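J.: What follows is a structure written as structure tokens; I'll ask about it next.
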Amino acid sequence: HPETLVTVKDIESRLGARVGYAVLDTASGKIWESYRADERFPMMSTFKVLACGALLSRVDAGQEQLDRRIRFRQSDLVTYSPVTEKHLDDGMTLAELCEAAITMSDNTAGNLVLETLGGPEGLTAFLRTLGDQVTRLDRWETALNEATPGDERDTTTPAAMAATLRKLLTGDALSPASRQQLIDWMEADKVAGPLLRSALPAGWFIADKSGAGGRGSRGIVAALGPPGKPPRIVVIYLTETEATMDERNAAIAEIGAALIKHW
């Protein structure tokens, strides 16, 4: 849509950033709008949706139990672990860890979920079973946020991420209760206030997950739409900028506002 392209090109000029996005209609399976959709961007914490989807896939296959309790130590804590650092003595269930990784973006929680999958290599192998030949996780938290330009480790493309999220969130990669559990966690996202949610019309559905990383990287993945209607997958990444957090937040929100205005 010409509206959105005006917005994104202004962001790229104002902030000096590389911006990419894709909007995928889940009812039709068609890309509704996109920009740099085949370019790579760092996933940052948006990988956590994929990690929890992979865990739920193992649950569905009888290989894993959501109420299994994980015990961990202070030595497992990485930067920004607001939930996991409270449970060094009693541990956490896998459901609680997924909830922490998605709703709070807890970094140790993300690592502990990854561990159940066989690490970044195991998550990448799960993505290949979904037909995603592009997305790759290579490192753990917090090194995966480094976002060195030209480094393809820990990246996706907006088109690849949108297609993979469709399969997880509205497709049949997961059982209906498991798919709804992933949606529930994403609906409960506590750390994406100033992004797509700031543009969302009253009463609309949104399930999302944000990310922030090195070299000004910022991003969000989401399913959103009017209530009771098939949603669209929205993927927005930006990187390589000196822009402030406030400016990067506003950029993503302005793209969302343009998408909403002509939904």
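By convention here, the chains of the structure tokens are called A, B, ... in the order presented, each chain's residues are numbered starting at 1, and ligands are numbered starting at 1 in the order presented.
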Fewer than 3 positions away in the same chain doesn't count, so skip those; otherwise give me all residues within 10 Å of residue 215 of chain A, counting only C-alpha atoms, as a CSV table (one decimal) with N, CA, C and O atoms, in the first residue's frame.

T.:
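Just written: result_9.csv:
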```
chain,number,residue,atom,x,y,z
A,17,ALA,N,18.0,3.9,9.2
A,17,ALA,CA,17.9,2.5,9.5
A,17,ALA,C,17.5,1.6,8.2
A,17,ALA,O,17.0,2.2,7.2
A,145,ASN,N,21.8,-11.4,20.3
A,145,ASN,CA,21.3,-10.0,20.0
A,145,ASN,C,22.4,-9.1,19.4
A,145,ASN,O,22.1,-8.0,19.1
A,146,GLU,N,23.6,-9.7,19.1
A,146,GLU,CA,24.7,-8.9,18.7
A,146,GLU,C,24.5,-8.1,17.5
A,146,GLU,O,24.8,-6.9,17.4
A,147,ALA,N,23.8,-8.7,16.5
A,147,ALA,CA,23.3,-8.0,15.3
A,147,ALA,C,24.4,-7.3,14.5
A,147,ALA,O,24.2,-6.2,13.9
A,148,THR,N,25.6,-7.9,14.4
A,148,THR,CA,26.6,-7.3,13.5
A,148,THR,C,26.2,-7.3,12.1
A,148,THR,O,25.7,-8.3,11.6
A,149,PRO,N,26.2,-6.1,11.4
A,149,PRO,CA,25.8,-6.1,10.0
A,149,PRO,C,26.6,-7.1,9.1
A,149,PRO,O,27.8,-7.3,9.3
A,212,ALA,N,14.6,-6.4,20.9
A,212,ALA,CA,15.5,-5.3,20.8
A,212,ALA,C,16.9,-5.9,20.8
A,212,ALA,O,17.2,-6.9,21.5
A,218,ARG,N,15.4,-3.5,16.5
A,218,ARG,CA,14.1,-3.5,17.1
A,218,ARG,C,13.2,-4.2,16.2
A,218,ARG,O,13.3,-4.2,15.0
A,238,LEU,N,13.7,-3.6,12.3
A,238,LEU,CA,14.6,-2.6,11.8
A,238,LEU,C,16.0,-2.7,12.5
A,238,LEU,O,16.0,-3.3,13.6
A,239,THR,N,17.0,-2.3,11.9
A,239,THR,CA,18.4,-2.4,12.4
A,239,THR,C,19.3,-1.4,11.8
A,239,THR,O,18.9,-0.7,10.9
A,240,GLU,N,20.6,-1.4,12.3
A,240,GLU,CA,21.6,-0.5,11.8
A,240,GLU,C,21.2,1.0,11.9
A,240,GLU,O,21.2,1.7,11.0
A,241,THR,N,21.0,1.4,13.2
A,241,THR,CA,20.6,2.8,13.4
A,241,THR,C,21.1,3.2,14.7
A,241,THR,O,21.3,2.4,15.7
A,242,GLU,N,21.4,4.5,14.8
A,242,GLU,CA,21.8,5.2,16.1
A,242,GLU,C,20.6,5.8,16.8
A,242,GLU,O,20.7,6.4,17.8
A,243,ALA,N,19.4,5.5,16.2
A,243,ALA,CA,18.2,6.1,16.8
A,243,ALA,C,17.9,5.6,18.2
A,243,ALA,O,18.3,4.5,18.6
```

J.: Using only C-alpha atoms, which protein or nucleic acid residues come within 10 Å of residue 179 of chain A? Drop anything in the same chain fewer than 2 positions from it, and give the result as a short mmCIF file (atom, residue, chain, number, x, y, z; two decimals) with C-alpha atoms, in the first residue's frame.

T.:
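Saved file selection.cif follows:
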```cif
data_model
loop_
_atom_site.label_atom_id
_atom_site.label_comp_id
_atom_site.auth_asym_id
_atom_site.auth_seq_id
_atom_site.Cartn_x
_atom_site.Cartn_y
_atom_site.Cartn_z
CA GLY A 53 6.13 -23.33 19.49
CA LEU A 56 4.56 -27.23 22.28
CA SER A 57 5.16 -29.39 19.20
CA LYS A 167 1.70 -22.23 10.50
CA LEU A 168 2.18 -22.04 14.28
CA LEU A 169 -0.57 -19.59 15.19
CA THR A 170 -3.40 -20.24 12.72
CA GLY A 171 -2.22 -23.31 10.78
CA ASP A 172 -1.98 -26.86 12.02
CA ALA A 173 1.61 -27.12 13.22
CA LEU A 174 0.09 -27.30 16.71
CA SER A 175 -2.99 -28.88 18.19
CA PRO A 176 -5.89 -26.44 18.77
CA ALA A 177 -5.32 -26.21 22.53
CA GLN A 181 -1.80 -21.63 24.50
CA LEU A 182 0.86 -19.99 22.35
CA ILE A 183 -1.65 -17.29 21.39
CA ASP A 184 -2.59 -16.80 25.06
#
```

J.: With a distance cut-off of 12 Å and only C-alpha atoms, select the neighbouring residues of residue 15 of chain A, excluding the residue or stretch itself and same-chain residues fewer than 5 positions from it, and output the selection as a PDB file with N, CA and C atoms, in the first residue's frame.

T.:
```pdb
ATOM      1  N   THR A   7       5.556   5.802   4.718  1.00  0.00           N
ATOM      2  CA  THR A   7       5.972   5.793   6.110  1.00  0.00           C
ATOM      3  C   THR A   7       7.326   5.117   6.274  1.00  0.00           C
ATOM      4  N   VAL A   8       7.517   3.965   5.632  1.00  0.00           N
ATOM      5  CA  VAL A   8       8.742   3.206   5.869  1.00  0.00           C
ATOM      6  C   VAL A   8       9.935   3.923   5.252  1.00  0.00           C
ATOM      7  N   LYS A   9       9.745   4.555   4.092  1.00  0.00           N
ATOM      8  CA  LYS A   9      10.878   5.239   3.485  1.00  0.00           C
ATOM      9  C   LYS A   9      11.270   6.468   4.288  1.00  0.00           C
ATOM     10  N   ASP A  10      10.294   7.138   4.896  1.00  0.00           N
ATOM     11  CA  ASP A  10      10.618   8.239   5.788  1.00  0.00           C
ATOM     12  C   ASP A  10      11.372   7.754   7.017  1.00  0.00           C
ATOM     13  N   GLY A 216      21.022  -0.900  17.275  1.00  0.00           N
ATOM     14  CA  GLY A 216      19.717  -0.299  17.129  1.00  0.00           C
ATOM     15  C   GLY A 216      18.628  -1.246  16.687  1.00  0.00           C
ATOM     16  N   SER A 217      18.869  -2.555  16.714  1.00  0.00           N
ATOM     17  CA  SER A 217      17.850  -3.488  16.248  1.00  0.00           C
ATOM     18  C   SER A 217      16.596  -3.437  17.121  1.00  0.00           C
ATOM     19  N   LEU A 238      13.710  -3.603  12.252  1.00  0.00           N
ATOM     20  CA  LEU A 238      14.619  -2.556  11.799  1.00  0.00           C
ATOM     21  C   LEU A 238      15.959  -2.737  12.495  1.00  0.00           C
ATOM     22  N   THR A 239      17.025  -2.254  11.859  1.00  0.00           N
ATOM     23  CA  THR A 239      18.365  -2.412  12.423  1.00  0.00           C
ATOM     24  C   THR A 239      19.310  -1.403  11.778  1.00  0.00           C
ATOM     25  N   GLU A 240      20.565  -1.407  12.255  1.00  0.00           N
ATOM     26  CA  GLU A 240      21.635  -0.501  11.809  1.00  0.00           C
ATOM     27  C   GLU A 240      21.244   0.968  11.946  1.00  0.00           C
ATOM     28  N   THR A 241      20.964   1.376  13.177  1.00  0.00           N
ATOM     29  CA  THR A 241      20.621   2.768  13.382  1.00  0.00           C
ATOM     30  C   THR A 241      21.133   3.217  14.742  1.00  0.00           C
ATOM     31  N   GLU A 242      21.435   4.508  14.836  1.00  0.00           N
ATOM     32  CA  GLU A 242      21.783   5.158  16.090  1.00  0.00           C
ATOM     33  C   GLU A 242      20.571   5.766  16.771  1.00  0.00           C
ATOM     34  N   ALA A 243      19.380   5.536  16.224  1.00  0.00           N
ATOM     35  CA  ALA A 243      18.169   6.127  16.773  1.00  0.00           C
ATOM     36  C   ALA A 243      17.916   5.634  18.194  1.00  0.00           C
ATOM     37  N   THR A 244      17.313   6.505  19.002  1.00  0.00           N
ATOM     38  CA  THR A 244      16.986   6.158  20.373  1.00  0.00           C
ATOM     39  C   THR A 244      15.901   5.086  20.410  1.00  0.00           C
ATOM     40  N   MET A 245      15.765   4.458  21.579  1.00  0.00           N
ATOM     41  CA  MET A 245      14.695   3.489  21.793  1.00  0.00           C
ATOM     42  C   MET A 245      13.335   4.111  21.500  1.00  0.00           C
ATOM     43  N   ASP A 246      13.094   5.316  22.033  1.00  0.00           N
ATOM     44  CA  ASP A 246      11.836   6.012  21.776  1.00  0.00           C
ATOM     45  C   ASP A 246      11.580   6.170  20.285  1.00  0.00           C
ATOM     46  N   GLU A 247      12.605   6.575  19.530  1.00  0.00           N
ATOM     47  CA  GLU A 247      12.454   6.755  18.091  1.00  0.00           C
ATOM     48  C   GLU A 247      12.206   5.428  17.390  1.00  0.00           C
ATOM     49  N   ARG A 248      12.875   4.366  17.838  1.00  0.00           N
ATOM     50  CA  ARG A 248      12.671   3.067  17.210  1.00  0.00           C
ATOM     51  C   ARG A 248      11.289   2.515  17.533  1.00  0.00           C
ATOM     52  N   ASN A 249      10.835   2.711  18.771  1.00  0.00           N
ATOM     53  CA  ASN A 249       9.477   2.329  19.144  1.00  0.00           C
ATOM     54  C   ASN A 249       8.460   3.057  18.284  1.00  0.00           C
ATOM     55  N   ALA A 250       8.621   4.376  18.153  1.00  0.00           N
ATOM     56  CA  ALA A 250       7.663   5.153  17.376  1.00  0.00           C
ATOM     57  C   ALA A 250       7.649   4.731  15.918  1.00  0.00           C
ATOM     58  N   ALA A 251       8.806   4.345  15.374  1.00  0.00           N
ATOM     59  CA  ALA A 251       8.860   3.908  13.985  1.00  0.00           C
ATOM     60  C   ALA A 251       7.972   2.690  13.760  1.00  0.00           C
ATOM     61  N   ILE A 252       8.115   1.670  14.614  1.00  0.00           N
ATOM     62  CA  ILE A 252       7.307   0.459  14.469  1.00  0.00           C
ATOM     63  C   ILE A 252       5.829   0.780  14.666  1.00  0.00           C
TER      64      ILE A 252
END
```

J.: Write out as JSON, numbers by chain which residues come within 12 Å of residue 197 of chain A when counting only C-alpha atoms, dropping same-chain ones fewer than 2 positions away.

T.: {"A": [186, 187, 188, 189, 190, 191, 192, 193, 194, 195, 199, 200, 201, 202, 203, 204, 205, 206, 207, 208, 209, 210, 220, 221, 222, 223, 224, 225, 249, 250, 252, 253, 254, 255, 256, 257, 260]}

J.: Please produce, as a tab-separated table, a per-residue contact table for segment 14-83 of chain A versus segment 89-112 of chain A (criterion: any atom at most 8 Å away, only C-alpha atoms considered), showing the nearest atom pair and its distance in Å to one decimal, sorted by chain then residue number.

T.:
```
residue	atom	partner	partner_atom	distance
A:45	CA	A:105	CA	6.7
A:48	CA	A:110	CA	6.1
A:49	CA	A:102	CA	6.7
A:51	CA	A:110	CA	7.6
A:52	CA	A:98	CA	6.0
A:65	CA	A:94	CA	7.7
A:66	CA	A:95	CA	5.1
A:67	CA	A:93	CA	5.2
A:68	CA	A:93	CA	5.3
A:69	CA	A:93	CA	4.1
A:70	CA	A:92	CA	5.4
A:71	CA	A:91	CA	4.4
A:72	CA	A:91	CA	6.4
A:76	CA	A:108	CA	6.9
A:77	CA	A:108	CA	5.6
A:78	CA	A:108	CA	5.7
A:79	CA	A:107	CA	6.9
A:80	CA	A:107	CA	5.9
A:81	CA	A:106	CA	4.8
A:82	CA	A:106	CA	6.2
A:83	CA	A:100	CA	6.3
```

J.: Among segment 82-248 of chain A, which residues does DSSP mark as alpha helix (DSSP H) when it is run on the backbone? Keep the chain and numbering as in the structure and answer as a PyMOL selection string.

T.: chain A and resi 94-99+107-117+119-129+158-169+176-187+245-248

J.: Env of segment 18-23 of chain A: 8 Å cut, atoms = only C-alpha atoms, seq-sep filter 5 positions within chain, self excluded. Answer as a PyMOL selection string.

T.: chain A and resi 8+11-12+31-37+39+41+158-159+162+232-241

J.: Excluding residue 153 of chain A and residues on its chain fewer than 4 positions from it, collect all residues at most 8 Å away from it, counting only C-alpha atoms, and give them as an MDAnalysis selection string.

T.: chainID A and resid 42 136:139 144

J.: I need the residues in segment 53-208 of chain A that are strand (DSSP E or B) according to DSSP; give them as JSON, numbers by chain.

T.: {"A": [69, 70, 92, 93, 155, 156, 205, 206, 207, 208]}

J.: Now that the selection is made, can you save its residues with N, CA, C and O atoms as a CSV table (one decimal), in the first residue's frame?

T.:
```csv
chain,number,residue,atom,x,y,z
A,69,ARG,N,9.0,-29.8,35.8
A,69,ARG,CA,9.7,-28.8,36.6
A,69,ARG,C,11.2,-28.8,36.2
A,69,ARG,O,11.8,-29.9,36.2
A,70,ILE,N,11.7,-27.6,35.9
A,70,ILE,CA,13.1,-27.4,35.6
A,70,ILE,C,13.8,-26.7,36.8
A,70,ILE,O,13.3,-25.7,37.3
A,92,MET,N,11.0,-24.0,38.1
A,92,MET,CA,9.9,-23.5,37.3
A,92,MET,C,9.4,-24.6,36.4
A,92,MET,O,10.2,-25.4,35.9
A,93,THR,N,8.1,-24.6,36.2
A,93,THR,CA,7.6,-25.6,35.2
A,93,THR,C,7.9,-25.0,33.7
A,93,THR,O,8.1,-23.9,33.5
A,155,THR,N,19.2,-14.9,12.4
A,155,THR,CA,18.4,-14.0,11.6
A,155,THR,C,17.2,-14.7,11.0
A,155,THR,O,17.2,-16.0,10.9
A,156,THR,N,16.2,-14.0,10.5
A,156,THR,CA,15.1,-14.4,9.7
A,156,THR,C,14.9,-13.4,8.6
A,156,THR,O,15.6,-12.4,8.5
A,205,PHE,N,-8.1,-8.0,18.3
A,205,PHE,CA,-7.2,-9.0,18.8
A,205,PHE,C,-5.8,-8.7,18.5
A,205,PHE,O,-5.5,-8.3,17.4
A,206,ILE,N,-4.9,-9.0,19.4
A,206,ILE,CA,-3.4,-9.0,19.1
A,206,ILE,C,-2.7,-9.9,20.0
A,206,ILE,O,-2.9,-10.0,21.2
A,207,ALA,N,-1.8,-10.7,19.4
A,207,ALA,CA,-0.9,-11.6,20.1
A,207,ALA,C,0.5,-11.3,19.5
A,207,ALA,O,0.6,-11.4,18.3
A,208,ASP,N,1.4,-10.9,20.3
A,208,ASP,CA,2.7,-10.4,19.8
A,208,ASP,C,3.9,-10.7,20.6
A,208,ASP,O,3.8,-11.3,21.7
```

J.: Interatomic distance between atom CA of residue 163 of chain A and atom CA of residue 44 of chain A?

T.: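 About the pair atom CA of residue 163 of chain A and atom CA of residue 44 of chain A: they are 17.8 Å apart.
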